[PDB]
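Asks: Once you've seen the sequence and the experimental structure below, I've got questions.
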Protein chains: 2
Amino acid sequence: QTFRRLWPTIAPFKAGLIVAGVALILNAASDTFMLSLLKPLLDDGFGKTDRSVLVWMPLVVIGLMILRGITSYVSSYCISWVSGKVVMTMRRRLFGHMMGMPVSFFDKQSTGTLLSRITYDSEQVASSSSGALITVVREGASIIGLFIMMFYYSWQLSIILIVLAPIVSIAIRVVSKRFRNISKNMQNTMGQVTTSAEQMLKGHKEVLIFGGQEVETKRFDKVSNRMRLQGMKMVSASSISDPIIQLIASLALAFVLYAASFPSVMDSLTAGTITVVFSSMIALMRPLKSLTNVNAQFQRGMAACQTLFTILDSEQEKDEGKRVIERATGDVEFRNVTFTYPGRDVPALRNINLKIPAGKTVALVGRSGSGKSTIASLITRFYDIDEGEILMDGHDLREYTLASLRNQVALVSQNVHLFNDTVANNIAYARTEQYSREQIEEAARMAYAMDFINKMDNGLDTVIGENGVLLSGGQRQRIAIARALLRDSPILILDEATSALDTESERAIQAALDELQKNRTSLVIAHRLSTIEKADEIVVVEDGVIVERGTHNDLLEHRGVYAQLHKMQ
Amino acid sequence: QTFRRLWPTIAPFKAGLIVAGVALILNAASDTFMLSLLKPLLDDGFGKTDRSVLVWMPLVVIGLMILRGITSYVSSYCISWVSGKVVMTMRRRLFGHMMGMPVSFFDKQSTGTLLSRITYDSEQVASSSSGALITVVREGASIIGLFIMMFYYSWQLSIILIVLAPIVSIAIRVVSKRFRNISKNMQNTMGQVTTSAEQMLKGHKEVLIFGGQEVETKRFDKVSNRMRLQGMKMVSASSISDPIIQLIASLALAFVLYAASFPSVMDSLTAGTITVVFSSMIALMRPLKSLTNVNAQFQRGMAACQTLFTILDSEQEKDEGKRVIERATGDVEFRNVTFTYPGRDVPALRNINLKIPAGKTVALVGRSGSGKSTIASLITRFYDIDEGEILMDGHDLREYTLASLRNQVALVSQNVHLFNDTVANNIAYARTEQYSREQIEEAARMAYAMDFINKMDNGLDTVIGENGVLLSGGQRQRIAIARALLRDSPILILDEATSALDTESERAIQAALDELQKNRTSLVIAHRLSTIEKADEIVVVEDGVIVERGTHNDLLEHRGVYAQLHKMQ
């Protein structure tokens, strides 16, 4: 169905398919013709000469279905490798859906969407490989059991099991429907086990540090019991499906009783051998069980790949296209640009038409919490949606090829999202192309005895707590400055990094980058006097509105806000 | 084996066990006695009177094994519910292993250890339920097929299939061994898929904000291909196991050829009916396939519950026991206490014997990054290991019942670990017992127009980005102060929370808590003049050593460090 758009994937796939199918074909050859042993065997009194070739053949056929063992295995390996590689493909590509998602909403929720990957993934693997393989094995045996019976034995007897097979068919049909539905929406509901995992992330150290130890327990209570009884729900749904196929195997098998009874009532036939055919009948219902269980388990397979295609696709929006911006610095000017993240809530910026040149490194100012941060995601184009619009350098903000554009600017956030790392990465990361640890060594050392860890330089291969845990804030803070010591891009901007820092390496890095980078606009906020005197221009934009700008020295008298800023401290 | 310590879990379990077992017993009754239909059926020429009761019975037996359908289902539901509830139990309890782990090492790594839960969990469920249930169904049919053959038919024929069954036994034995081993260490190796998920967490927004878009791809390259070819590795290992049981079903089934041949060579018997018994032989090898696949899949089951018991247990260390500390404030004094997190690296604190009373709220000072933070985890007893030792109030730090002890102090970290939240939690969380939103309303409002979000108070039910994303830093910072507006405990301490804050609500909360809490020692660091004048005592402890303390006013001349601190800014 949708399975038909599963179908395009690739051709060598088709090869493994044919491999397994013909394999089962050769499961069937000696199960049916197995009956073509027992069949003439049993009737003829074996005589001796008949007993001769008879007693001879089991050696042969036994070599034959043990052969069917190895062949079966072959096809198993091949198709398995096929299936696996398919999973591989999806996992990456739809990871290109999730990275393909990115930030604007992908802000909202994180690790629920995460576990989509791992645990909307693995069980779909198992269901795919296991389920599919076990399904295939079945119906060749069943089918052949029918056909051999039908024409290869008897025609009104054909009418018999072909009374079964259409009706049987519609049975698998309705089962496939009701159940593909129910357990489909099930795994939809189990994505809330992914919720569970997500929240139990959010445990981490926090409750531990308040001493709230029993609310966790409550958390796994509400969701865990719900989802676990949920599992039992669909297990009972499964063993409910096994009857509905069994009750049609009860009416179907029962119709073999009619087959058992009706010629028995009036036999135009010789029972004789064809009695043997009934053995197949027994064998026929033997795989029955598996299917239900299988299908249930396998139903999973169709289902999340389903939701991954469907629910997984959207929004890597675009770029009009260009080059990179050269390191030649543009000028940052916007027109009537304002936004707020939520909804009907009015834009957090009141409104603004940006203007600055580059080479003017201006002190940005506003009382915090103000969406003062927004310009970043704005200017970094985290948000394309623009009330008012931007052509920077006579060409619009969104005409600029994505990374190449973003190769205009780097930044330090209000805070740090970092890795477990040695010197290896979050310094050397920014663009790994230069990892040179001469160049990295002293390049980070351009944060000037951030090279110094405490009375030490770290065993430079020693990895860190992901956000830095293993020591107090300063050094990692300085790292968060250090990522910008490397990549240079036609404009750079930094903010609020100084949190626990000393004033020393702070200011020395101020003038240091000044010297280094004069001619980019470098924009920043401070609660300290640090840049607010020395930034070659000053601007105070508070909340979503600019109160003032120009040279701060004008603004100590011109307003009281900056005055008191200094005047207090 | 270890399965024998799986065994203690509970009794109603035993009930469901008996349920399923006797169930399969009644699968078997009419498969064997099914042969006890075909058997006398086929030989006797049916006559009519023989044909009468014969053609009669299929109605009966067909009602009987369709009965076996419903019975089978019953036992399925019951045992399933059993298995599920067992999983539930573990998931919580060993979550009490992981919380049972806590911080000291549990610092080191987070979300790899995480996915242990979800994806060392779910597949173990599937393997448990599915695998176990499918296993049980098998050997009752096999066994009975043997026994009915052995004594219920023929004794030297007993010798036949009991030539099989011991040898067959040792076959399942070696399979169980080699494979329990190999796929056991496999899932050990797949816990590195949990690694994968963990790192792809660490993608989140960071690379996105640098523009490093192709290193991710590399990350799923190295691990993803490895683990996926790893899956194929154990799939091929499985379909390698199916032969080794098939080659002993090739030698075993082949020994049925001997059974087929040897009496055929010289028959002391009447073949006749007992020819029919061979049908069972065919049916016998029919379940064969499943086991291998099953066992492989099921092997998973033993395995992580294995590693969960084993690898999951340790360290909720202890408490000597006491009451809570009363809100009556102790005095914080240590003896020769110093530590550093890493290894052979010498303690980050040089050494210290703490002393302060409570009611003295002292300005703690040191250049940051210095392990200045450590005292927290120290004093909060995140680290029991103490070079030098502590009896605070003549009774040791570790004599104090855990939370109750920690009910002496609350704190704001150097940073924020928070939730998606409305007003609902991270303010109201601290101890949910008072969520009172009068009391919460103005209790958080004790952060004084932190009540104010921007020109607004949030729709007070509006949840936030987990770390607060939806607006700039200030308000959530103030929240991180607000968690301490509620819980009071015989001492409180706060640090570095003011990061983007204004000075206004900062200082007003300073004196506000002063007024409110005088008589606890309240200890803090600042890069601002804020508390450094007004903290009723002053201490500068830099790096792992105390340089100075007393009244700062003594220390502006007495050292230059504080002087310049002010004197610069």
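Replies: That came in fine, so what should we check first? Numbering: from 1, shown residues only, chains lettered A, B, ... in the order given.
Asks: outside of stretch A:433-450, which residues touch it?
Replies: With contacts defined as Cβ atoms under 8 Å, 6 or more residues apart in numbering or on different chains, stretch A:433-450 is touched by A:423, A:427-428, A:451, A:460, A:475, A:478-479, A:481-482, A:485-486, A:505, A:508-509, A:512. Placement of C-beta: from N, CA and C, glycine included.
Asks: Now with 10 Å, please.
Replies: A:423-430, A:451-452, A:457, A:460, A:474-487, A:501, A:504-506, A:508-509, A:512-513, A:516, B:369 (Cβ atoms under 10 Å, 6 or more residues apart in numbering or on different chains).
Asks: Just say helix, strand or coil for the residue nearest the centre of chain A.
Replies: By Cα atoms, centre = their mean, chain A has its centre lying nearest to residue A:117, at 2.9 Å. Judged by DSSP: H, G, I helix; E, B strand; the rest coil, the three-state class of residue A:117 is helix.
Asks: Can you name the residues that contact it?
Replies: Residue A:117 is in contact with A:91, A:94, A:95, A:98, A:194, A:308, A:312, B:196, B:197, B:200, B:201, B:220, counting by Cβ under 10 Å, 6+ apart.
Asks: picking up where we left off before, now restrict the contacts of stretch A:433-450 to buried residues only.
Replies: By neighbour count, with 16 or more other Cβ atoms under 10 Å in any protein chain shown, these hold A:423-430, A:451-452, A:474-487, A:501, A:505-506, A:509, A:513, B:369 as buried.
Asks: mind listing which of these are in helices?
Replies: Judged by DSSP state H, these include A:474-486, A:505-506, A:509, A:513 as members of helices.
Asks: Also within reach of chain B: list those from these.
Replies: A:474, A:475, A:476, A:477, A:478, A:483, A:506 (Cβ under 10 Å from any Cβ of the partner chain).
Asks: rewinding a little: let me have the contacts of residue A:117 in CSV, extended by neighbour count.
Replies: Listed next are the contacts of residue A:117 as CSV, based on neighbours: other Cβ atoms under 10 Å in any protein chain shown:
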residue, neighbour count
A:91, 23
A:94, 21
A:95, 20
A:98, 18
A:194, 21
A:308, 21
A:312, 23
B:196, 24
B:197, 25
B:200, 22
B:201, 21
B:220, 21
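Asks: Would you state the helices of the stretch 251-400 of chain A in chain order?
Replies: Per DSSP state H, counting those that start in this stretch, the stretch 251-400 of chain A carries helices over the ranges A:271-285, A:288-310, A:374-379.
Asks: Which of the ones you listed sits closest to residue B:345?
Replies: helix A:374-379 (37.3 Å; Cβ to Cβ).
Asks: helix or strand right after that closest one?
Replies: Sequence-wise, the next helix or strand downstream of helix A:374-379 (DSSP states H and E) is helix A:402-406.
Asks: got the contact list for that next one?
Replies: Contact with helix A:402-406 is made by A:316-319, A:321-326, A:380-382, A:392, A:397-400, A:431, A:489, B:208-214, as judged by Cβ under 10 Å, 6+ apart.
Asks: the strands in the stretch 301-450 of chain A, which residues?
Replies: Along the stretch 301-450 of chain A, counting by DSSP state E, counting those that start in this stretch, strands occupy A:362-365.
Asks: Would you point out which residue of it is nearest chain B?
Replies: Chain B sits closest to residue A:369 of the stretch 301-450 of chain A, with a gap of 2.6 Å, by Cβ to the nearest Cβ.
Asks: quick one on the thing from earlier: could I get the helices of the stretch 251-400 of chain A in JSON lines, plus columns for distance to chain B?
Replies: Output for the helices of the stretch 251-400 of chain A, formatted as JSON lines (distance: least, Cβ to the nearest Cβ, whole Å):
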{"stretch": "helix A:271-285", "distance to chain B": "5"}
{"stretch": "helix A:288-310", "distance to chain B": "7"}
{"stretch": "helix A:374-379", "distance to chain B": "8"}
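Asks: thinking again about what came up before, and which of the ones next to chain B among the ones in helices among the buried ones among the contacts of stretch A:433-450 is nearest to chain B?
Replies: residue A:474 (2.5 Å).
Asks: Apart from its neighbours in sequence, what residue is nearest the closest one?
Replies: residue B:369 (2.5 Å; Cβ to Cβ, 6 or more residues apart in numbering or on different chains).
Asks: how near is that neighbour to residue A:412?
Replies: From residue B:369 across to residue A:412, the span is 16 Å (Cβ to Cβ, to the nearest Å).
Asks: What of residue A:177?
Replies: 56 Å.
Asks: Mind checking which of the two has more residues around it?
Replies: Using other Cβ atoms under 10 Å in any protein chain shown, the more surrounded residue of residue A:177 and residue A:412 is residue A:412, with 23 against 10.
Asks: For the more buried one, give me its contacts.
Replies: Applying Cβ under 10 Å, 6+ apart, the residues near residue A:412 are A:376, A:477, A:479-484, A:492-498, A:524, B:209.
Asks: hang on, the earlier thing: the residue nearest to residue A:474 contacts residue A:476, doesn't it?
Replies: Yes: counting by Cβ atoms under 10 Å, residue B:369 does reach residue A:476; the two are 7.7 Å apart.
Asks: Quickly list what's touching both of these two.
Replies: A:450, A:468, A:500.
Asks: quick revisit: make CSV from the helices of the stretch 251-400 of chain A and add distance to residue B:441 to it.
Replies: Formatted as CSV, the helices of the stretch 251-400 of chain A follow (distance: least, Cβ to Cβ, whole Å):
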stretch, distance to residue B:441
helix A:271-285, 68
helix A:288-310, 41
helix A:374-379, 28
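Asks: what's the neighbour count on residue A:60?
Replies: 12.
Asks: Then residue A:515?
Replies: The local packing of residue A:515 (other Cβ under 10 Å) involves 8 other residues.
Asks: How about the backbone phi and psi for it?
Replies: phi -40, psi -60 (degrees, to the nearest 10).
Asks: Kindly report the same for the one 5 residues further on.
Replies: In this entry, residue A:520 is assigned phi and psi values of phi -90, psi 150 (degrees, to the nearest 10).
Asks: Next, the buried residues of stretch A:35-54.
Replies: Using 16+ other Cβ under 10 Å as the burial criterion, the residues of stretch A:35-54 that qualify are A:35, A:36, A:37, A:38, A:39, A:41, A:42, A:43, A:46, A:51, A:54.
Asks: For the first one, give me its contacts.
Replies: Spelled out, that is residue A:35. Contacts for residue A:35 (Cβ under 10 Å, 6+ apart) come out as A:41, A:145, A:148-149, A:152-153, A:273, A:276-280, A:283, B:279, B:282.
Asks: ok, 7 Å please
Replies: A:276, A:277, A:279, A:280 (Cβ atoms under 7 Å, 6 or more residues apart in numbering or on different chains).
Asks: what number of residues lie near the third one?
Replies: Right, the one you point to is residue A:279. Residues lying near residue A:279 (other Cβ under 10 Å) number 22.
Asks: isn't it right up against residue B:279?
Replies: Yes: using Cβ atoms under 7 Å, residue A:279 is in contact with residue B:279, at 5.1 Å.
Asks: Can you get me a residue count around residue A:212?
Replies: When neighbours are defined as other Cβ under 10 Å, residue A:212 has 16 of them.
Asks: actually residue A:469, sorry about that
Replies: When counting by other Cβ under 10 Å, one arrives at 18 neighbours for residue A:469.
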